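Visitor: This one is an experimental structure. Sequence first:
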Amino acid sequence: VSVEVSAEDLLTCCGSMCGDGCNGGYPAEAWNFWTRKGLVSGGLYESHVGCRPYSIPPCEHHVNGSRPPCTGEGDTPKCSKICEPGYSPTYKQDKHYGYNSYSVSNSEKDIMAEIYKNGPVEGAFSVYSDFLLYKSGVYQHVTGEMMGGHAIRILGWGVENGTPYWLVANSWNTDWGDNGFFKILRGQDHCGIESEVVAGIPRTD
Amino acid sequence: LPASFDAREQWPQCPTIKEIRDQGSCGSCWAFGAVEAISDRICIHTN
């Protein structure tokens, strides 16, 4: 048994506590929303899966592809505390909450331990122009200019071509990168990947 | 700890761990990192 937890719901309903919608936020505040308010289900765009599916359509991020190009940002849709037609039960009763939420030390051993023990985390790293060209292998930043932080999902580690890496999921769809996943250098706090990691534990019954 | 780890392996009963989403043309990545890890952990920790 498994749930796709709604990005729509957290994007649109957290409010200023999480930052500014489609113009950026605070992932530690996002894990504290879930612990306080909870998060309902909701799928991928047009999926009609869950309470609140994601309403911003896909596009090509920096790749060629069939979809429309991505625009800067857009309009954060709004918080509707109701599910879609056809979904049952009610929004309130589709909430899932977290027991708790925490920072994980800037220590690859600590971060290997959290994942290992408890499953994937959220981190964030600085993106530089050379990133966007990521097709495969282990990512190491050589050139480019700085473009801000990118919050990701880190789901493992390994060694490739002698390079210790982190295995990360991006949100740029399946056609960017390594099928939308990537590897970035481990153990050096490369591009800040080890400094901004947060997680928490589900609340059970 | 092992020298390599892949959550997709360890927990192949939790489909979400292998799912890649789309943030579209919106700087929503903060929410994405969060809900995707949260979806994982709901199944990993599920009695």
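Guide: Happy to help now that I have it. Numbering: from 1, shown residues only, chains lettered A, B, ... in the order given.

Visitor: surely residue A:110 meets residue A:104?
Guide: Yes - between residue A:110 and residue A:104 there is a contact under C-beta atoms under 8 Å: 5.8 Å. In this view, the C-beta of every residue, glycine as well, is placed from N, C-alpha and C.

Visitor: Show me which of these two is the more surrounded one.
Guide: residue A:104 (20 against 12; other C-beta atoms under 10 Å in any protein chain shown).

Visitor: Angles on the backbone of that one, please.
Guide: Note on residue A:104: backbone dihedrals following degrees, to the nearest 10 are phi -110, psi 130.

Visitor: Surely it and residue A:198 touch.
Guide: Yes - contact criterion C-beta under 8 Å: residue A:104 and residue A:198 qualify, at 6.8 Å.

Visitor: Now the common contact residues for those two.
Guide: residue A:121 (C-beta atoms under 8 Å, 6 or more residues apart in numbering or on different chains).

Visitor: What number of residues are in the vicinity of residue A:66?
Guide: Applying other C-beta under 10 Å, I find that residue A:66 has 7 neighbouring residues.

Visitor: now the helices: where do they sit in chain A?
Guide: A:7-13, A:27-36, A:108-118 (DSSP state H).

Visitor: taking those together, which one is wrapped up most tightly?
Guide: helix A:7-13 (a mean of 27; mean count of other C-beta atoms under 10 Å in any protein chain shown).

Visitor: Now do that one: distance to the chain's middle.
Guide: 13 Å (C-alpha atoms, centre = their mean, to the nearest Å).

Visitor: What of stretch A:140-147?
Guide: On C-alpha atoms, centre = their mean, the centre of stretch A:140-147 falls 21 Å from the chain's centre.

Visitor: And it, end to end?
Guide: In stretch A:140-147, first residue to last residue: 15 Å (C-alpha to C-alpha, to the nearest Å).

Visitor: So which residues make contact with it?
Guide: A:126-131, A:163, A:184-185, A:190-191.

Visitor: Reformat the helices of chain A as TSV; add distance to chain B.
Guide: Putting the helices of chain A into TSV (distance: least, C-beta to the nearest C-beta, whole Å) gives the following:
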stretch	distance to chain B
helix A:7-13	5
helix A:27-36	4
helix A:108-118	5
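
Visitor: a markdown table for these, including distance to residue A:99?
Guide: Formatted as a markdown table, those follow (distance: least, C-beta to C-beta, whole Å):
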| stretch | distance to residue A:99 |
| --- | --- |
| helix A:7-13 | 17 |
| helix A:27-36 | 7 |
| helix A:108-118 | 11 |
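
Visitor: Among the ones you listed, which comes closest to residue A:70?
Guide: helix A:7-13 (16.0 Å; C-beta to C-beta).

Visitor: Could you write out the alpha-carbon coordinates of the closest one in PDB?
Guide: Only the C-alpha atoms of helix A:7-13 are listed here, as PDB (Å, rounded to 0.1, in the frame of the first residue of the first chain):
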ATOM      1  CA  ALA A   7       2.500  18.700  -4.500                       C
ATOM      2  CA  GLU A   8      -0.500  20.800  -5.400                       C
ATOM      3  CA  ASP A   9      -1.700  20.800  -1.900                       C
ATOM      4  CA  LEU A  10       1.600  21.700  -0.400                       C
ATOM      5  CA  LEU A  11       2.500  24.300  -3.100                       C
ATOM      6  CA  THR A  12      -0.800  26.100  -2.900                       C
ATOM      7  CA  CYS A  13      -1.800  25.700   0.700                       C
END
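
Visitor: Who are the packing partners of it?
Guide: helix A:27-36, helix B:29-44 (3 or more C-beta pairs under 8 Å, 6 or more residues apart in numbering or on different chains; DSSP states H and E).

Visitor: Dump the ones you listed to a markdown table, plus distance to residue A:168.
Guide: Below are the helices and strands packed on helix A:7-13 laid out as a markdown table (distance: least, C-beta to C-beta, whole Å):
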| stretch | distance to residue A:168 |
| --- | --- |
| helix A:27-36 | 14 |
| helix B:29-44 | 10 |
